[PDB]
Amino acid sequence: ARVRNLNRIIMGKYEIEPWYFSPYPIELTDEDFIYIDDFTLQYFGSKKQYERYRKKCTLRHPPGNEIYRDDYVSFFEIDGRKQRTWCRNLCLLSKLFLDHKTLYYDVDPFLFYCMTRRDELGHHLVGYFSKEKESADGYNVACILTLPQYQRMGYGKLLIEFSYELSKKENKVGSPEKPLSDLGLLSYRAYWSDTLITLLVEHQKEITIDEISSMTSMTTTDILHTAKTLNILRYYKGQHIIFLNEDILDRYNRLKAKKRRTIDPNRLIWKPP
C-alpha cells in the first residue's frame, strides 16, 4: 500500500514538480499527482474529474477587476474576501514554491494582483503578488510569485514594477515584506538597480534621495543600499545624491539591449481606497 506525497502538479500542458510541501486538503494515495485547472486553480485527484469540471462554463481569466491592460499583459485586482475559494487555491499553489507562507485559508486580509499574458489563446496566469489591505510595516508586497513554467522570462520584474506603481498612485513609499527568499531578494535588488540606472540616464545625471523616492516609491533604505552597491552615492549641493558614470551608462545600454517589456504608468486605471 503506497502512500505517496504530491510530487507533481499537472497545469495545462505543464507537469511541474513542487519545491516545497503545500497543505492541499487531499487524500494520500498510491498516485503522486493532482490536476490544477489553469483558470480556476481548483485541484483534482483524477484526470476524469478535472475534465468533468473543465467543460463547465467559466471566465478565462482571474476573478477580479482588470485595472491594467496593455498589449503584453493584464493585471487583475482581487479582494480575497470576495473570492475566497479562488484565492485559497492560489495560495495553495503558491506555497508549493515557497518555504513558508501564512495560513492559506485566511485570504480576507489580502488583495491579490494577478498578472496574465494574453495570446491568440486568451489569458494565461503567469504570476501574482499579494498585499496586506492594512500593513503596519507599510509593506507594498506580502508574497510575490512567478509560476515555475514561466520563471526567468522577465515576469517577476514586471510584477515588482507594478507593485511600485500602486504605491506611487497611493502617494506612499513601500518595500516588500521581510524576510524575503533569496530568489525574491535577488529579484528586488536587480529591479532596484535597473531603476536607479534608468533614472540616471533618462531623467537626471544627479538625483537626490527625496527625488528618487518620490519618483519610484522606493524607501530611503532600499535606495541607499542599492546606491552603495553600485558605488553611486555622493554629496552634492548640500545633500546626498546618486550620480551617473560610465559604468552606469554601460549597464543602462546592456539593459536596453535586452529590450525588456516594462509597465506603462499611464495604463494603470486605479484609485486607492
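Position 1 is the first residue in the sequence shown; the rest follow in order.
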Original post:
Taking only the CA atoms, which stretch has the higher mean B-factor in the record, 197-205 or 153-161?
Top reply: 197-205
Subject >> Higher-B stretch (mean Cα B-factor, as the entry records it), 174-182 or 120-128 >> reply: 120-128
**OP:** Could you tell me which one of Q239, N65, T226, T216 shows the highest CA temperature factor in the PDB record?
**Re:** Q239
Original post:
In terms of the CA temperature factor given in the entry, to which third of its chain does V73 belong: lowest, middle or highest?
Top reply: middle
Subject >> CA B-factor placement of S135, once the chain's modelled residues are sorted into thirds >> reply: highest
Original post:
Taking the C-alpha B-factors as the PDB entry records them, is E27 in the lowest, middle or highest third of its chain?
Top reply: highest
Subject >> Chain-wide C-alpha B factor ranking for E51, given as lowest, middle or highest third >> reply: highest
Subject >> Lowest, middle or highest third - CA B-factor, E211 >> reply: middle
